[PDB]
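Just the one chain here, laid out as C-alpha cells, in the form deposited in one PDB entry.
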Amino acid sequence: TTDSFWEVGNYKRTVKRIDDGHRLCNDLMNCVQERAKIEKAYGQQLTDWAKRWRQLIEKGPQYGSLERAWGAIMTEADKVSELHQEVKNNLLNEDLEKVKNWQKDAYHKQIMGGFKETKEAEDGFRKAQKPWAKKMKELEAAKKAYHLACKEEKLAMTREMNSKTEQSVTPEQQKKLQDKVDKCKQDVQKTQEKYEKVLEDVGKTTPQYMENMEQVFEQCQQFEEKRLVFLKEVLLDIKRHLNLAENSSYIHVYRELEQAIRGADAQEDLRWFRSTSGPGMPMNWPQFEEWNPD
C-alpha cells in the first residue's frame, strides 16, 4: 500500500482530479461540435438531394399525380434536413454553450501556476500533511538508526566469538571484544527507546492527521460533485436535442409524404393525358370550303 491516500504525497491523485475537470469539459465540448458537423452534413446532403431531384422531376417527362407524388419525397428530404439543422444548432447554441459557461465559472487560470481551485486544494493538502510529514521522517530516521544499532551489536557479539577462536596473544584485544559488545548494547537499548518514543508519538497525531486530510478532501468532493451534477444535466439536455422521435414534426413529415403518395390517381392521370394529348382534344374535321376569294 505505498500507493495509498494516507501515504505522504498521494493526495496528489485527487488533486489531479481537479485539473482533469476543466479538461473533460473541454472534451464534451469537442464531442458536441463533432456531432453537429455530422448533423449538418446529413441535412445539407439532404437539401442538395431535394433540389437536384426537385428540378429533375419538373423538367422531366413525368406528369400528373404521380409527378406530384414522386414530388413530395423531396419535401421530406427538405423537412428532415431542417430538423437535423435544428439539432446541429442546439448542440451548438445551448448544449455546447452551457458547458463553455459552466467551465468559465468553476475554473479560472492564474498567471503563475495552474488553476486557482487546484492550488487552494494543493495547499490545503500540504497544510494538513505538514505535521504528519515531519514526524514521518523522524520515524524512518529512528528506525534507520535502531536497525543500524542492532547490526553493530551483531557485528561485535559474534566477532568476539570469532576473535576468541584465535586464542593467540590478545589479552588487550580480548578486552576490546567485551568493550564494544557492551557499548553497542547501550546504543540498541537507547535507540529502541527513542524510536519507540516517536512511534507512540506519531500514534497520538494520526487522528488529527486523519481529521485533517479528511477535511480538505470532503471539500474536494464538494467541487467534484458540483461538476458531476451539472454534467449529467448537460447529457440529458443533449439526448433531448439529439432525439428526433417523440418530436411531433418528425412523425408529421412521414404522414404527409404518405398521403401525398396515395393521393396519386392514375385514372385522372390517364384521363388528363387523353384530353390533353389524345383523342380527347378537339379536332377540326374536313369541311366544305368556298373560295375566299381574298
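Note that the rigid core is defined as the largest set of C-alphas that superpose within 1.5 Å between two forms. Residue numbers here begin at 1 and follow the sequence given.
In every other compared PDB entry of this protein that covers both flanking sides, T118 is modelled, so it falls short of the one-third threshold for missing coordinates. Across the other compared structures of the same protein with both neighbouring residues present, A128 carries coordinates in every case, with no third of them leaving it out. Mean CA temperature factor is higher for 163-171 when stretches 115-123 and 163-171 are set side by side in the entry. Looking at 48-56 and 26-34 together, the entry lists the larger mean B-factor for 48-56, computed on C-alpha atoms.
Remark: of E214, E193, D78, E86, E193 shows the highest value [criterion: C-alpha B-factor in the PDB entry]. Looking at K104, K185, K109, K134, the one whose CA carries the top B-factor in the deposited record is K185. For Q129, the recorded CA B-factor ranks within the middle third of the chain. Only modelled residues enter the ranking. When all modelled residues of the chain are sorted by CA temperature factor, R255 is found within the middle third. In the deposited entry, the Cα temperature factor of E246 places it in the highest third of its chain's modelled residues. When all modelled residues of the chain are sorted by CA temperature factor, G9 is found within the middle third. Annotation for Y146: CA B-factor lies in the highest third of the chain's modelled residues.
Here the subject shifts to the form deposited in another entry, a form of this protein not shown in this document.
Only one of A77, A142, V99, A128 has its C-alpha shifted by 2 Å or more between the shown form and the other one once the core is superposed, and that residue is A142.
With the core held fixed between the shown form and the other one, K116 has its Cα displaced by under 2 Å. Once the rigid core is overlaid between the shown form and the other one, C184 counts among the residues whose Cα shifts by 2 Å or more. After superposing the rigid core, the C-alpha of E152 moves by 2 Å or more between the shown form and the other one.
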